[PDB]
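Colleague: What follows is a single structure, and I will ask about it in a moment.
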Amino acid sequence: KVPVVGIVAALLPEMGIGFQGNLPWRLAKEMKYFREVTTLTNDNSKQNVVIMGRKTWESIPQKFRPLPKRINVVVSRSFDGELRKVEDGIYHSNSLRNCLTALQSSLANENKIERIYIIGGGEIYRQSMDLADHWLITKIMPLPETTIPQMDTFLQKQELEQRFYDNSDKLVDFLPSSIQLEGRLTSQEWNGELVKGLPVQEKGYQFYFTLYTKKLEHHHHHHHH
Ligand SMILES: NC(=O)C1=CN([C@@H]2O[C@H](COP(=O)(O)OP(=O)(O)OC[C@H]3O[C@@H](n4cnc5c(N)ncnc54)[C@H](OP(=O)(O)O)[C@@H]3O)[C@@H](O)[C@H]2O)C=CC1
Ligand SMILES: COc1cc(-c2ccccc2)ccc1[C@@H](C)C#Cc1c(C)nc(N)nc1N
Ligand SMILES: [Cl-]
Ligand SMILES: [Cl-]
Ligand SMILES: [Cl-]
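If you count the sequence shown from 1, you need to add 9 to reach the numbering used here.
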């Protein structure tokens with residue numbers, strides 16, 4: 010019942026997302042978007058979940074984790090069970106898939122989770138293409154005189170474009186109501202590809218907030234008893 014949304018910032022055209030265990034850039038306006046989207050809810054009695062891999066957890070500055078006002082879930086194969094409270098605001102899971110099933114139980118969550126955000130990293134995102142209902146992707150482009158940063162971790166763009174379509178026309182309506190964005194919806198060609206979303210510029214980069222949604226599926230089978 011709860012939507013599952015991957016959220017990621019990726020550098021075009023390869024969709025690079027990391028280098029040596031960290032982000033390849035430091036963009037406050039992008040972090041602000043990430044913070045506001047994952048924190049805010051339409052219903053004030055609910056919170057969102059943020060699920061992340063162990064390495065991504067380790068990348069967040071210690072003074073800023075667990076991420077405030079969101080239920081944090083860290084997944085590691087060395088953890089105990091599918092969903093265990095380990096500290097205030099922190100759950101541990103040994104399974105991305107089982108943790109999502111556990112988080113979907115209305116008995117366990119009392120319908121007080123609005124959305125489940127998958128917040129990284131590379132290995133987690135690879136496993137999330139068949140799990141997410143949507144992707145919020147910030148598409149980042151170095152401006153003309155900007156050096157392309159070195160990167161060693163990438164979003165699976167092939168799998169994304171196979172399963173999802175660019176639904177950025179509906180981004181504004183998809184985001185929590187109280188969020189405010191500066192830019193207006195724009196379509197721009199960049200190194201061949203069509204980039205559509207809400208634009209921002211910061212330091213040496215231009216970036217677009219985009220929304221990807223699952224493509225329509227044929228009706229092949231519905232389980233009957
Ligand atoms: N640009 C962006 O938007 C974002 C980028 N990133 C970047 O990604 C990089 C980190 O990504 P990556 O190295 O792939 O690491 P991840 O953050 O994906 O963590 C991988 C770890 O998660 C655990 N894990 C993976 N799959 C499962 C599963 N199915 N069940 C249980 N545990 C699982 C394992 O932990 P263990 O080894 O303990 O078993 C594994 O080593 C960094 O550079 C980071 O900055 C991260 C978030 C956002
Ligand atoms: C080092 O990486 C972080 C630092 C911080 C953080 C928070 C407060 C102060 C400094 C860093 C928050 C989240 C992250 C990670 C988990 C992220 C992210 C993320 C970002 C930043 N943007 C988008 N669009 N999607 C995402 N998943
Ligand atoms: Cl945050
Ligand atoms: Cl799993
Ligand atoms: Cl697995």
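Just so it is clear, CB atoms sit at the ideal spot from N, CA and C, and this is done for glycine as well.
1) In chain order, what are the residue ranges of uninterrupted alpha helix (DSSP H) at least 4 long that sit wholly in the region 128–155?
2) Comparing the CB of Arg86 with every heavy atom of ligand 6, is any distance shorter than 8 Å?
3) Hey, how far is the Cα of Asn118 from the Cα of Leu112?
4) Can you look up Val11 in the DSSP assignment and give me helix, strand or coil?
5) Going along the chain, which residues of its own chain have a beta-carbon closer than 7 Å to the beta-carbon of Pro151, five neighbours each way excluded?
6) Distance, Cα to Cα, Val95 vs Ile127?
7) On the three-state DSSP scale, how would you describe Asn57?
8) For ligand 1, is there a heavy atom less than 8 Å away from the beta-carbon of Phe173?
9) Check for me: the alpha helix (DSSP H) holding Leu116 runs from which residue to which?
10) Note the first and the last residue of the continuous alpha helix (DSSP H) segment covering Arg63.
11) Out of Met160, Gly192, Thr155, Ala141, state which residue places its alpha-carbon closest to the alpha-carbon of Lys224.
12) I want to check one thing, is the minimum distance from the CB of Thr50 to the heavy atoms of ligand 1 below 8 Å?
13) Assign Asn53 to buried or exposed, taking buried as 16 or more other Cβ atoms, counted over all protein chains shown, within 10 Å of its Cβ.
Modeller: Here's the rundown:
1) Runs found: 131–137.
2) This structure lacks ligand 6; the ligands present are ligand 1, ligand 2, ligand 3, ligand 4 and ligand 5.
3) Here residue 118 refers to the residue found at position 109 when the sequence shown is read from its first residue. Here residue 112 refers to the residue found at position 103 when the sequence shown is read from its first residue. Their backbone Cα atoms lie some 7 Å apart in a straight line.
4) The residue labelled residue 11 in the question sits at position 2 within the sequence shown. Coil, per DSSP.
5) Your numbering for residue 151 matches position 142 in the sequence shown. Around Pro151, the same chain offers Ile157, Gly213, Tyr214 as residues with beta carbons nearer than 7 Å, after the five sequence neighbours per side are excluded.
6) The residue labelled residue 95 in the question sits at position 86 within the sequence shown. The residue labelled residue 127 in the question sits at position 118 within the sequence shown. If I take the Cα positions, the gap works out to 19 Å.
7) Position 48 of the sequence shown, counted from the start, is the residue given in the question as residue 57. Correct three-state label for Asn57: strand.
8) What you label residue 173 is simply residue 164 of the sequence shown in a count that begins at 1. No.
9) Position 107 of the sequence shown holds residue 116. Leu116: member of the alpha helix (DSSP H) spanning 115–118, first to last residue.
10) Your numbering for residue 63 matches position 54 in the sequence shown. Run containing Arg63: 63–68, per the alpha helix (DSSP H) assignment.
11) Here residue 224 is taken as the residue at index 215 of the sequence shown, counted from 1. Measuring from the Cα of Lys224, the nearest candidate turns out to be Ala141.
12) Residue numbering aside, residue 50 sits at position 41 when the sequence shown is read from its first letter. Every heavy atom of ligand 1 is 8 Å or more from the Cβ of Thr50, so no.
13) As a position in the sequence shown, residue 53 is number 44, starting the count at 1. Exposed is the call here.
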